[PDB]
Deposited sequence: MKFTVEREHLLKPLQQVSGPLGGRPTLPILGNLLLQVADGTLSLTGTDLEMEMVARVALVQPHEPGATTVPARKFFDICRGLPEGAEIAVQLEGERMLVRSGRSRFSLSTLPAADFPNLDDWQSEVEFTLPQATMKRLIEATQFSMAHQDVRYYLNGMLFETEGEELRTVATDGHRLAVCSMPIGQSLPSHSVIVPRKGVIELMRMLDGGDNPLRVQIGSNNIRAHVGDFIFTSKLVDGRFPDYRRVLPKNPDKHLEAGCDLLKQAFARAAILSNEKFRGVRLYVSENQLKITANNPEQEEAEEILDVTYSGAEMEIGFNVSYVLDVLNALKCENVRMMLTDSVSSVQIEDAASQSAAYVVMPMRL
């Protein structure tokens, strides 16, 4: 196995396959030269990233595996415009560039683990920006290491011509739907949180569309010369329609950033553990208050657009702040029911995403 490639053609592929073990070979990248292509594979047994690099210079076929981080750190450490000559010699991989020479240990390619083979049941294409939008709008609401394993991940749902993401930790929910202009079956799967992070990581910028394949136990995303494959999560994800308030007809509208800074200041004097704040809504006005065990108190009063009846309601302020930070918009709509029911929150200008927060 031999190849010579430009540093700049190696960097991003290495970065993509490198991110991230007790089982050593999982710390290695599989390198394959075949049919004028270098393939770079990294895996953790649950998910897999494969990058393909075209070889325009002389090369020889073969396969090996090398320490991922070390190989990446060596390539990144080399100067702008460096040319990187690699060859398998003995049980070592030789890396040469200029007068820099490196000899890395290898583990046999035959030892590199493969995911189980599977069949694609559902397929579609969508813009990179759309997938980015879907993930960023909901990602923050996924659970972290909850015993309900199905919540430590993100639902991806196809319905009509819409792709939808749902994330919830049992206390708050985020949902976002986008048109992708294809007739899709009605289907949903849960992608593990690590898979979601990796999927987000591969976009990227630029105008490369994303190709998605969904199997009974796997998801695959093709973008450019990268292929990401993940296992799915078992379990019955909650139905976002049961979480959305059935009729939240008390509509409050306020500047997103003004609203956020008011909640953030009030948050300073909220209970450090429970983070509770009270909202007092009345005609065109919102009052936010907070207090802690040591009798410290915050009060914020804002002008808002509100014509409904007056009500009081308590919330975990971090949850509200999460939502407002996730809304990169000018105005927010808060949709209320009563003092003991959840609130729906949306961008005043768009219904594409919805956020639900339970009262305290």
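Absence of C-alpha coordinates is noted for several segments of the deposited sequence, namely 21 to 24, 365 to 366.
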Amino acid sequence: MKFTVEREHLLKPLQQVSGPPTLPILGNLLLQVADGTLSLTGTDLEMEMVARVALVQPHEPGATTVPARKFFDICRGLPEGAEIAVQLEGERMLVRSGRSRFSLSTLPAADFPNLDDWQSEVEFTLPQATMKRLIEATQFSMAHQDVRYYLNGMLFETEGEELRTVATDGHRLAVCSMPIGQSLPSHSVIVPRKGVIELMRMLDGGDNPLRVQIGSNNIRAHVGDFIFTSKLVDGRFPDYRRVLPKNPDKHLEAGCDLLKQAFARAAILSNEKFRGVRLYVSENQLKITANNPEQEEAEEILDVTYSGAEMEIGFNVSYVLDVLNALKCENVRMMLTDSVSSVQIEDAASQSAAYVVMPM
From here on, numbers count along this sequence of modelled residues.
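If you superpose the two forms and keep the largest set of C-alpha atoms that fall within 1.5 Å, you have the rigid core.
Each structure in 5 other deposited structures of this protein is fitted to the shown form on the rigid core, and of 143 to 151 and 202 to 210 the C-alphas lie farther away on average for 143 to 151.
For residue 22, the fraction of other compared entries lacking coordinates, among those that model flanking residues, reaches at least a third.
When the two stretches 106 to 114 and 167 to 175 are set side by side, the higher mean Cα temperature factor goes to 106 to 114. Between 202 to 210 and 94 to 102, it is 202 to 210 that carries the larger average Cα temperature factor according to the deposited entry.
The top Cα temperature factor in the record, among 230, 183, 152, 289, falls on 183. In the PDB entry, the Cα temperature factor peaks, among 60, 330, 322, 48, at 330. Residue-level temperature factors show residue 308 in the highest third of its chain, judged at the C-alpha atom. Ranked within its chain, residue 356 lands in the lowest third, by CA B factor from the PDB record. Annotation for residue 88: CA B-factor lies in the highest third of the chain's modelled residues. In this PDB entry, residue 16 carries a Cα temperature factor that places it within the highest third of its chain's modelled residues. The PDB entry assigns residue 193 a C-alpha temperature factor belonging to the middle third of its chain's modelled residues.
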